[PDB]
Each structure stands twice: as C-alpha cells, then as structure tokens.
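Trainee:
2 protein chains.
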Amino acid sequence: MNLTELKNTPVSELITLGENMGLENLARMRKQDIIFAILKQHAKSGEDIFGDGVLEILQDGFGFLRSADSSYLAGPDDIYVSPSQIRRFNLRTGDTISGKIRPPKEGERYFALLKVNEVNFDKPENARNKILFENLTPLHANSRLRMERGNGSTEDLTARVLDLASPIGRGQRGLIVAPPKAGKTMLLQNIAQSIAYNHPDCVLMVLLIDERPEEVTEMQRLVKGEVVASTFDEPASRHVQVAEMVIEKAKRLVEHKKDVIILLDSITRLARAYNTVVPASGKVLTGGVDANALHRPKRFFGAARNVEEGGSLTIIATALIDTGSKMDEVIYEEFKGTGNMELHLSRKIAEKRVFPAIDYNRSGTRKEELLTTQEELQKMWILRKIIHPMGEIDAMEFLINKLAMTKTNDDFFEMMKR
Amino acid sequence: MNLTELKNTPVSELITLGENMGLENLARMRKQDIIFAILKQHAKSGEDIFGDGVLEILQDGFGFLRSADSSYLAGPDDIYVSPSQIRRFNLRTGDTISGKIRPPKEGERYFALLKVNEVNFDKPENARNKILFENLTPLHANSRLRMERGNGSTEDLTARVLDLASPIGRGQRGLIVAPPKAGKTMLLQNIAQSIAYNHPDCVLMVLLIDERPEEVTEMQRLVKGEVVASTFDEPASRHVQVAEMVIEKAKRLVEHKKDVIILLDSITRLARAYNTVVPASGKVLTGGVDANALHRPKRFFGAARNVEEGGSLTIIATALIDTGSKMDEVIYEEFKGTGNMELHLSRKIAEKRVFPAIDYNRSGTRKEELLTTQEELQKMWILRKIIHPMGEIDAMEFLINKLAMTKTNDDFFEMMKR
Ligand SMILES: Nc1ncnc2c1ncn2[C@@H]1O[C@H](COP(=O)(O)OP(=O)(O)O)[C@@H](O)[C@H]1O
Ligand SMILES: Nc1ncnc2c1ncn2[C@@H]1O[C@H](COP(=O)(O)OP(=O)(O)O)[C@@H](O)[C@H]1O
Ligand SMILES: [Mg+2]
Ligand SMILES: [Mg+2]
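Those protein sequences? They're chains G and S, same order as listed.
For reference, each letter of the first sequence is one residue, going 4 to 421 in this note's numbering.
For reference, each letter of the second sequence is one residue, going 4 to 421 in this note's numbering.
1) Give me the residue from S/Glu417, S/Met399, S/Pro392 with the minimum Cα distance to S/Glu378.
2) Just curious, the alpha helix (DSSP H) that S/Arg387 is in, first and last residue?
3) When we look at the beta-carbon of G/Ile385 and count the other beta-carbons within 10 Å, is it buried (16 or more) or exposed?
4) Taking only the alpha-carbon atoms, compute the straight-line gap between G/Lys118 and G/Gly102 and give it to the nearest angstrom.
5) With a threshold of 8 angstroms between beta carbons, is S/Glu336 in contact with chain G?
6) Is G/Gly155 close to chain S, meaning its C-beta is less than 8 angstroms from at least one C-beta of that chain?
7) Could you tell me whether any Cβ in chain S is nearer than 8 angstroms to the Cβ of G/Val164?
8) Would you list, in sequence order, the uninterrupted alpha helix (DSSP H) runs of no fewer than 4 residues that lie entirely inside the segment 67 to 116 of chain S?
9) Can you have a look at S/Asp213 and say buried or exposed, based on whether 16 or more other CB atoms are within 10 angstroms of its CB?
10) Look up G/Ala320 in the DSSP assignment and give the residues it is bridged to.
11) Between the Cα of G/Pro106 and the Cα atoms of G/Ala296, G/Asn295, G/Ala40, G/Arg215, which residue gives the shortest distance?
12) Please tell me whether S/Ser169 and S/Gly342 are closer than 8 angstroms, where the distance is taken between their beta carbons.
13) Would you list the residues sitting across from G/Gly172 in a DSSP beta bridge?
14) I'd like to know if the segment 392 to 405 of chain G and the segment 14 to 22 of chain S are in contact, where contact means that at least 3 CB-CB pairs between them fall below 8 angstroms.
15) Shorter than 8 angstroms from the beta carbon of S/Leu323 to some beta carbon of chain G?
16) For S/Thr279, I'd like the list of residues in its chain whose CB is within less than 6 angstroms of its CB, leaving aside the five on either flank, ordered along the chain.
17) Looking at S/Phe358 and ligand 2, is the gap between the Cβ and the nearest heavy atom below 7 angstroms?
18) Pairs of beta-carbons, one from the segment 211 to 231 of chain S and one from the segment 299 to 307 of chain S, closer than 8 angstroms: are there three or more?
19) Under 7 angstroms Cβ-Cβ, which residues of chain G neighbour S/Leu142?
20) Of all the options S/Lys329, S/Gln88, S/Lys355, S/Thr12, which has the alpha carbon lying nearest to the alpha carbon of S/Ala115?
21) Using a C-beta to C-beta distance shorter than 9 angstroms, which residues of chain G count as neighbours of S/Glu354?
22) Which residue's Cα is closest to the Cα of S/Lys355: S/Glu345, S/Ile334, S/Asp397, S/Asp331?
23) In whole angstroms, give me the CA-to-CA distance for G/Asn193 and G/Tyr200.
24) Return helix, strand or coil for S/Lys405, following the three-state DSSP convention.
25) Below 8 angstroms CB to CB, which residues in the same chain sit around G/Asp413 once its five sequence neighbours on both sides are set aside?
26) Hey, would you say the C-beta of G/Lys187 is under 7 angstroms away from at least one heavy atom of ligand 3?
27) Pair every Cβ in the segment 273 to 292 of chain G with every Cβ in the segment 130 to 149 of chain G, then say whether three or more of these pairs are closer than 8 angstroms.
28) Who are the Cβ neighbours of S/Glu50 in its own chain at under 7 angstroms, not counting the five residues just before and after it?
29) How is G/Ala283 classed by DSSP in three states: helix, strand or coil?
30) How would you call S/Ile361, buried or exposed, if buried means at least 16 neighbouring beta carbons within 10 angstroms?
31) Using the three-state DSSP reduction, which class does S/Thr19 fall into: helix, strand or coil?
32) Look at the alpha carbon of G/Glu251 and the alpha carbon of G/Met419, and state the distance between them as a whole number of angstroms.
33) On the DSSP bridge assignment, give the partners of residue 3 of chain G in chain order.
34) Verify the contact flag: S/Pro183, CB atom, against every heavy atom of ligand 2, threshold strictly below 7 angstroms.
35) Select from G/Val57, G/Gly64, G/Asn364 the residue whose C-alpha is nearest the C-alpha of G/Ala71.
36) Select from G/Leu373, G/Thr157, G/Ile352, G/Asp262 the residue whose C-alpha is nearest the C-alpha of G/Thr409.
This is how it looks when you write it as structure tokens:
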C-alpha cells in the first residue's frame with residue numbers, strides 16, 4: 004500500500020492488520036515501530052510500496068522524508084534519500100517528495116526512495132528551475148483576508164471584532180500580544196476556522212510550540228488544515244527543528260505561487276527554545292538572552308511578505324506578556340516593531356468575562372488603505388474616533404453590544420452612521 | 004509462604020518466626036536480610052513460595068521485581084527475572100507481576116521467578132494485547148473528581164474551598180504553588196482522604212521526594228493507598244529511580260482502562276534530583292540547571308492526561324516558591340504554563356493562621372465548563388465576581404466564615420443567592 008494511508012489509520016486497525024497479515028505481536032510498542040514492521044513484512048513480498056514526505060537535509064548531506072502526521076518527528080519509518088538524488092534533482096530542505104520506496108537492504112535501517120514521481124505537487128523536471136524565495140521582491144499587503152462569516156453566531160462576533168480592530172491581508176507579519184488566560188487559543192482557533200471557510204485556496208499551517216498534549220489534540224481535531232505541534236515535554240531542539248521544517252516547507256510552497264498562512268502559537272516559546280539551543284557567545288543581556296540567539300527567531304518571523312511574482316506568506320504569531328519571567332519581557336521588547344500590525348489582548352477585559360478581550364485603543368494595523376476600500380475604511384476611522392475617548396473595557400462592552408443586535412459589518416456601519 | 008505478606012509483618016514478629024523456625028542472629032540485621040533468610044529456610048524446607056512485585060528492567064536485559072513496601076529499594080529479597088521471561092511475555096518496566104518463585108541456585112544470589120500467573124492483575128495472555136500508553140490520544144478532563152465530603156467537619160472546609168477554587172477532574176495536570184510552612188502537606192493529606200472516601204475505584208499513589216522520615220511514616224499511616232517515598236538521606240539516583248518506577252507503574256495501570264491519581268510532594272525536588280543525576284551538556288542556565296536535566300521532569304509532569312479510549316492519569320504536584328533558592332525559582336519559571344490547573348497558597352494568609360491559606364484570585368483551572376454543570380458554573384462565576392475586589396487574606400477569611408455556616412456547597416450557594 005501507500006505509506007500515507009497506512010500511517011493515518013488508527014492504532015487498533017494497524018494492530019489487527021499486522022496480526023492477520025503475518026506479524027505476531029504489535030500491541031506493546033510505538034506506532035512508528037508498527038508501521039516499520041508492517042512495511043518491512045509487506046516489502047519482502049516484492050509489491051511496490053509508495054510513500055511521501057517533507058525533506059529534511061542533515062549536515063552530512065543525506066536527507067530524510069518526515070511525515071506531517073508524526074509532526075515531523077524522526078522515526079524508524081522515515082524514508083532515507085542519498086545525496087545522489089539531491090544532486091540529480093535540485094532539492095532543498097522542506098521540499099515535499101512523493102514516489103515509490105524500496106525495502107531496506109543489509110547495512111541500512113531506513114527505507115530508501117526508488118524513484119521520485121512528484122516534487123512539490125508537480126513534475127521534478129518542472130520544479131527544479133523555480134526561482135528561490137529570497138530572490139522575490141517583497142511588497143506591502145494589498146489583498147485583504149476577510150474573517151466575516153455571516154452566520155451570526157458568537158464566533159462570527161469575535162471575527163467581526165477582529166476585522167474592525169485590524170484588517171488582515173496576505174503577506175503581513177501580524178503579531179498578537181496577550182497575557183496568560185486571556186483567550187488567545189480561542190482567538191487562534193476562530194481565525195483558523197475563518198481562514199478555512201472564507202479562503203479555501205490558501206494553505207493553512209498551524210504551528211504550536213511548547214503546548215500541552217490535550218491542546219494539541221483539540222487543535223488537530225478542530226482545524227481543517229495542517230497542524231504540527233511540539234509538546235512541552237520534548238527538548239528544545241525538537242521545537243527548533245519543527246519550526247525550521249515548517250518555515251522551509253512554507254518557503255517551498257510559496258515559491259510555487261501559493262498563499263501560505265502560518266499561525267504560530269508562541270514566538271516567545273520559539274525564542275526561548277532558540278536561546279536554549281544556540282551555543283553561548285559570551286554575551287548575556289537582561290534575562291540571559293543572546294542577540295545571536297534571537298537572530299534565528301527574528302529570521303523566522305521576517306520571512307512573511309507579499310511576492311510580486313505570485314503567492315504570499317502571512318505569519319501571525321502570538322507573544323506572552325506579564326507572565327512573571329523576565330525572558331518573555333525582553334523577548335517582547337526586542338519584538339516590538341518587527342510586525343506590520345499588532346493586536347493586544349487585555350487581562351482586565353478577560354477577568355470581566357467579556358470576550359473577545361481585545362484592547363481596541365492599543366490594537367491596530369498600519370498601511371490598511373491598501374487592504375480595504377475607501378468608504379469602509381472611513382467608517383473604520385470614525386468608529387476609531389468614537390471608541391478613542393472612552394475606557395477600553397467600556398469600549399469593548401459597547402462593541403459587543405453594537406455588534407450583537409446587527410448581523411454583518413456593513414449593517415453595523417450603516418446603523419452607526421445614521 | 005507468600006512473600007508480600009511476609010514483607011508486611013513487623014520486624015519483631017519476623018524475628019520470632021525465624022527463631023522458632025530454626026534461625027539465629029536475626030535481630031541485628033536489616034528487615035530485607037531477615038526476609039531473605041526466612042525465605043531461603045522455608046525454600047529448603049520444600050514448599051512453594053508465591054511472590055509479586057513491580058518489574059524494573061536493567062540495561063543488561065534482565066529485570067527485578069521490586070516491592071512497594073520498601074519503596075522499590077533494591078535489596079536481597081528482590082525476585083530476578085531472566086530475559087527469556089521478559090521475551091515470552093513482552094513485559095515493560097512498571098508491570099506488576101505475580102507468580103511462583105524458586106530458591107536461588109549456585110552462582111546466583113537472588114530468588115528467581117518460576118511461573119508467572121498474573122500480569123497487571125490480569126492473565127498473562129490478555130496483558131500482551133494492551134495498547135502502549137504513548138499511542139493513546141489525550142483529552143481534556145471532563146469527569147469531575149468531587150472533593151467535598153459533606154460530613155460538616157472542619158477538615159472538610161479545605162476540601163470545600165478546593166471545590167470552589169480549582170475543580171479537579173480525572174486526567175488533570177494540577178500544580179500547587181506554595182511557600183514553605185504554608186500548609187501544603189496537610190492539603191495533600193486532605194486531598195488524599197477525600198479521594199479515598201469519594202472515589203474508592205481510582206488508584207491512589209502518593210509519591211514523596213526528598214522527604215523527612217517522620218513525614219513518610221505519617222503519610223503511610225494516614226493515606227489509604229500506596230505511599231512510596233525517598234527520604235533526604237538518600238542519593239539523587241534513588242529519587243530519580245523511584246519517580247521512574249511510579250510513573251511507569253501508573254502508565255501500565257492506565258493502559259488497562261484504570262484511572263490513577265498521583266500526588267507529587269515536590270516537582271522542585273524531583274527537578275533537583277534530575278539536575279544532579281543528569282550529566283552536563285555544556286550549557287548551564289541560571290541557578291545551575293541544565294535544559295536536558297529538566298527534560299525528564301517535564302516528561303513526568305506531561306504524562307498526565309485523560310485517555311479517550313478509557314482510563315486517566317491525574318497528577319497533582321506541589322511546587323516550591325519563596326524558598327530563597329534561585330534553582331527553585333528557575334524550575335518554577337520553567338514549569339509555569341505546563342499545568343491545566345493551579346492552586347496558589349499564600350504565605351501571608353498562613354502567617355495570620357487562616358487555613359487553608361489559599362490565594363483564591365490566582366488559583367483556577369482551564370476548561371472548567373467540562374467539569375461542572377451550567378448552574379454550578381454560574382454560581383462559581385458570581386462568587387468569583389464577589390471575591391475578586393477584596394484582598395487575598397480578607398477574601399479567604401470571608402469565604403471561610405461563609406462556608407462554616409452551611410453543610411454542603413449547595414447550601415452556601417443558596418445562601419449567597421438570596
Ligand atoms: N471568544 C470567547 N467566547 C467565550 N469564551 C472565551 C472566548 N475566548 C476565551 N474564552 C474563555 O477563555 C477560556 C480559555 O482561554 P484560552 O483560549 O485557553 O486562553 P489562553 O490560550 O491564552 O490560555 C475558556 O474557559 C473560555 O471560557
Ligand atoms: N487545614 C489546616 N488546618 C489547621 N492547620 C493547618 C492547616 N494546614 C496547615 N496547617 C498548619 O500549618 C503547619 C505546617 O503545615 P505543613 O503541613 O507542615 O505544610 P508544609 O509541608 O508546607 O510545611 C501545621 O503545623 C499546621 O498546624
Ligand atoms: Mg492557550
Ligand atoms: Mg511538608
């Protein structure tokens with residue numbers, strides 16, 4: 004069979020298939036080992052076996068084909084690719100390769116690619132001449148992504164508040180700032196649903212760093228897209244490698260005239276992982292953070308842009324404030340003006356149980372004239388004028404009150420205008 | 004005879020039994036040595052011996068059946084299991100194995116397992132088909148573990164405050180943050196009694212790390228369950244290995260659709276022990292800690308989850324703050340967002356002898372709507388709105404005063420809803 008559907012099957016069916024297929028015991032070891040054993044047993048028969056995965060290039064030169072189901076985790080069933088194939092077809096880390104794999108011979112442990120018949124969802128002879136990501140000319144965002152749903156529910160209400168506070172376009176560097184227990188996970192979930200329903204063409208890749216396992220499973224079940232996460236019990240190098248693989252896959256996809264949206268769970272956690280994994284350079288700032296250590300997360304965050312040739316990369320990351328650890332504060336301070344927009348969540352609104360707890364006065368994008376029309380954006384300015392001279396919690400309560408009895412954004416605008 | 008009942012008799016009775024059996028000089032030797040001598044004498048008598056214990060696999064390949072009465076301490080009375088037996092039944096560390104044992108022969112110094120007839124309180128055939136713990140999908144806790152006894156005693160007051168402050172469900176990852184001499188040991192004792200009374204079906208395990216011997220004896224006498232401890236006069240390797248044994252036994256129990264609960268006296272002490280044991284990786288964070296050193300305690304804490312297939316693993320661990328040590332501070336900093344519920348004990352409330360010294364405004368759980376009913380959630384919300392403005396010590400004094408005048412929490416809510 005094909006490795007993808009074999010891996011996607013739950014464990015019970017895998018065990019039953021292995022036990023009625025010839026193997027003797029599968030219940031008491033990991034899913035990756037069961038997959039490897041089933042593949043090895045089916046491979047000795049001689050039937051061709053297919054497989055696909057994202058390419059990760061090691062420092063030696065050989066590469067591996069990790070899978071999204073296992074969250075890009077190194078395992079016994081990873082496909083091995085020699086540098087000969089990398090020379091034959093120009094391949095970099097993050098490329099998606101699909102083809103047929105060969106059984107592992109003596110002296111080798113992992114499977115190997117027989118021949119590749121898909122690179123980045125098209126022919127390799129057509130994909131090895133594509134211009135690279137950094138050579139593309141960045142531009143300001145000009146195509147707005149609408150989170151308006153129209154169903155009229157509460158998630159629609161918070162999506163409408165999101166649209167009012169800061170419009171979202173393709174290729175921006177959006178940043179969310181939020182205290183703990185302020186509702187940022189639900190905000191990200193609602194953004195994911197809005198993106199999935201409104202713009203099915205865009206590629207959505209939710210990335211969670213240093214997350215709890217239950218949150219990972221809930222996000223995987225809720226989101227109609229690629230979700231990759233690394234729980235907190237895993238080492239920092241695991242977080243770093245997951246982030247690198249995600250960003251490389253996003254760059255490879257955007258080089259093919261595709262729109263990619265990345266919903267990073269915590270830029271703070273990624274920065275902490277990078278600081279942990281980056282060797283000490285002898286320079287220690289406040290909170291024990293090195294500038295060269297912060298270079299990598301800044302490089303990850305700055306890849307968001309709009310491509311003149313085609314496609315875009317919209318990175319929306321979240322940051323943690325007033326947690327109590329100085330490292331988060333210094334990360335926020337060195338991440339103040341990096342993004343072209345910001346949205347602030349208020350703890351005071353959260354404890355009042357008024358959701359979403361968006362601080363309208365402090366949140367807001369810039370250069371939004373390129374995103375929306377003229378009259379709607381003028382309505383946005385006059386709403387800003389109305390909201391400005393009054394308290395943020397009262398402003399948020401007023402916004403929920405005036406968005407609840409109406410139905411969509413333009414209806415609220417015309418009701419408020421008169 | 005049976006070994007696990009021989010290990011539970013007092014030392015004086017053991018000495019009398021060995022003396023009337025025909026043994027000498029048993030008074031001035033350790034309890035394990037007396038047990039081994041009595042076992043050898045009764046074995047050379049000719050009769051059969053039954054023994055049980057939790058399996059621990061050594062790096063060489065063979066394993067030992069440790070006993071929880073000695074808190075899994077290596078001793079002469081441990082049962083040796085050969086790699087052949089670990090191979091015929093695929094066994095992992097933490098498996099509870101019960102069966103007949105045989106006397107040692109020449110060249111070997113341990114009793115050996117003869118014929119295993121119980122694995123994890125099940126026949127050996129069925130225990131081979133249990134799915135590994137890592138393959139199960141974690142979920143949010145949705146089955147409430149009610150703490151209130153309802154007998155009207157003052158010891159129940161703490162439990163009642165718990166039910167108002169931070170509800171606990173099956174599969175929680177609770178964290179208790181308390182200063183020294185704030186009442187965390189009595190809080191854990193109250194939780195253990197409430198669990199043993201309200202939910203007899205759950206498996207209760209109390210794990211004490213770096214403890215004092217008198218506290219160990221007190222907890223063993225009080226707690227109706229399994230108590231294993233490693234006192235402060237033992238090497239860090241002992242703390243580490245006791246923690247691994249407990250967590251592996253818990254995972255093996257959970258794999259059999261059992262819901263188990265672990266009460267960790269100090270995650271800080273466990274992190275200390277792991278930092279001592281784990282070799283350095285060249286990078287040392289503030290206070291003298293290593294990231295890979297802290298990786299294992301994070302795995303221990305993150306093992307807690309609610310299993311979709313059935314069963315759960317609740318872990319409630321206490322963390323130390325304001326102890327004057329930077330290592331504890333950094334450990335708590337790295338353990339902040341991991342748990343899904345936190346309970347804060349305040350030193351100031353303890354100074355004025357107000358118990359339980361719970362910081363109500365800081366304590367709480369995540370996704371508490373799953374644990375409680377709708378009306379109960381509304382009552383908790385209005386209570387939190389009432390208590391929020393006032394200071395922590397005033398809040399707890401007022402809450403205790405209000406709670407002392409009722410019998411159950413329903414009556415308290417009805418009195419508040421006047
Ligand atoms: N849009 C919303 N509508 C209703 N409740 C919300 C909303 N956003 C957050 N909450 C509340 O916040 C809690 C979860 O917060 P969460 O999203 O986990 O914040 P964080 O991810 O920052 O910890 C839930 O109990 C929920 O009641
Ligand atoms: N619920 C309670 N009721 C009465 N006294 C308490 C309570 N909890 C703690 N105390 C007092 O606090 C003292 C120390 O508490 P302890 O159990 O030693 O906590 P810790 O282990 O944090 O030091 C005890 O002597 C006890 O008198
Ligand atoms: Mg969250
Ligand atoms: Mg104590």
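Positions of the beta carbon are idealized from the N, C-alpha and C atoms, including for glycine.
Mentor: Reading from the atomic positions:
1) For the purposes of this step, residue 378 of chain S is identified with residue 375 of the second sequence, where counting begins at 1. Taking only the C-alpha atoms, the option nearest S/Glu378 is S/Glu417.
2) By 1-based counting over the second sequence, the position of residue 387 of chain S is 384. Looking at the DSSP string, the run of the alpha helix (DSSP H) that includes S/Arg387 is 377 to 390.
3) Counting from 1 along the first sequence, the entry for residue 385 of chain G is found at position 382. Exposed.
4) Along the first sequence, one-based indexing puts residue 118 of chain G at 115. Along the first sequence, one-based indexing puts residue 102 of chain G at 99. Each residue's alpha carbon lies about 6 angstroms from the other.
5) Reading the second sequence from its first residue, position 333 is the one you call residue 336 of chain S. With 8 angstroms as the cut-off, S/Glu336 counts as an interface residue toward chain G.
6) What you label residue 155 of chain G is simply residue 152 of the first sequence in a count that begins at 1. No, G/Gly155 lies away from the interface with chain S (no Cβ there is under 8 angstroms from its Cβ).
7) Here residue 164 of chain G refers to the residue found at position 161 of the first sequence. Not an interface residue.
8) 86 to 91
9) Here residue 213 of chain S is taken as the residue at index 210 of the second sequence, counted from 1. In this structure S/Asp213 is buried. Its beta-carbon is surrounded by 16 or more other beta-carbon atoms within 10 angstroms.
10) Locating residue 320 of chain G in the first sequence gives position 317, counting from the first residue. For G/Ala320, which the question treats as bridged, DSSP gives the partners G/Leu178, G/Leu267.
11) Working through the first sequence from its first residue, we reach residue 106 of chain G at position 103. Comparing Cα positions, the closest option is G/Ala40.
12) Mapped onto the second sequence, residue 169 of chain S falls at position 166. Mapped onto the second sequence, residue 342 of chain S falls at position 339. Not closer than 8 angstroms, so no.
13) The residue labelled residue 172 of chain G in the question sits at position 169 within the first sequence. Answer is G/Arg147, bridged to G/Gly172.
14) no
15) Residue numbering aside, residue 323 of chain S sits at position 320 when the second sequence is read from its first letter. No, S/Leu323 lies away from the interface with chain G (no Cβ there is under 8 angstroms from its Cβ).
16) By one-based count along the second sequence, residue 279 of chain S stands at place 276. Excluding residues within five positions, the ones whose Cβ falls inside 6 angstroms are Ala239.
17) As a first step, residue 358 of chain S is located in the second sequence; it is residue number 355 there, counting from the start. Indeed, a heavy atom of ligand 2 lies less than 7 angstroms from the Cβ.
18) no
19) Along the second sequence, read from residue 1 onward, the residue named residue 142 of chain S stands at position 139. Under the 7 angstroms cutoff, chain G gives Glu217, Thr220.
20) For this step, residue 115 of chain S is matched to residue 112 along the second sequence. Answer by Cα proximity: S/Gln88.
21) Stepping through the second sequence from its first residue, residue 354 of chain S is reached at position 351. Near S/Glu354 there are no residues of chain G at all, since even the closest Cβ is about 22 angstroms away, more than 9 angstroms.
22) Position 352 of the second sequence, counting from 1, holds the residue named residue 355 of chain S. The residue with the shortest Cα to Cα distance from S/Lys355 is S/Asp397.
23) In the first sequence, counting from the first residue as 1, residue 193 of chain G sits at position 190. In the first sequence, counting from the first residue as 1, residue 200 of chain G sits at position 197. The alpha-carbon atoms of G/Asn193 and G/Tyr200 are separated by roughly 11 angstroms.
24) Taking the second sequence and counting its residues from 1, the one referred to as residue 405 of chain S is at position 402. Three-state result, S/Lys405: helix.
25) Counting from one through the first sequence, the residue named residue 413 of chain G turns up at place 410. If we look at G/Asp413 and ignore the five residues flanking it on each side, its Cβ neighbours are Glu379.
26) In the first sequence, residue 187 of chain G corresponds to position 184, counting from 1. The answer is yes for G/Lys187.
27) Fewer than three pairs of CB atoms, one per stretch, sit closer than 8 angstroms, so the segment 273 to 292 of chain G makes no contact with the segment 130 to 149 of chain G.
28) For this step, residue 50 of chain S is matched to residue 47 along the second sequence. Here the set comprises nothing.
29) As a first step, residue 283 of chain G must be located in the first sequence, where it is residue number 280. Three-state DSSP puts G/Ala283 in coil, outside helix and strand.
30) Position 358 of the second sequence holds residue 361 of chain S. Counting the other CB atoms within 10 Å of its CB gives S/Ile361 a total of 16 or more, which places it among the buried residues.
31) Working through the second sequence from its first residue, we reach residue 19 of chain S at position 16. S/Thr19 falls in the helix class under three-state DSSP.
32) Start at 1 with the first residue of the first sequence, and residue 251 of chain G comes out as number 248. Start at 1 with the first residue of the first sequence, and residue 419 of chain G comes out as number 416. Take the alpha-carbon of G/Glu251 and the one of G/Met419: they are about 46 angstroms apart.
33) The requested residue 3 of chain G is not part of the displayed model; chain G covers only 4 to 421.
34) The sequence position of residue 183 of chain S within the second sequence is 180, counting from 1. Yes.
35) Within the first sequence, residue 71 of chain G is the residue found at index 68, counting from 1. The shortest Cα separation from G/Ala71 among G/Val57, G/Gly64, G/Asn364 belongs to G/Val57.
36) Within the first sequence, residue 409 of chain G is the residue found at index 406, counting from 1. It is G/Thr157.
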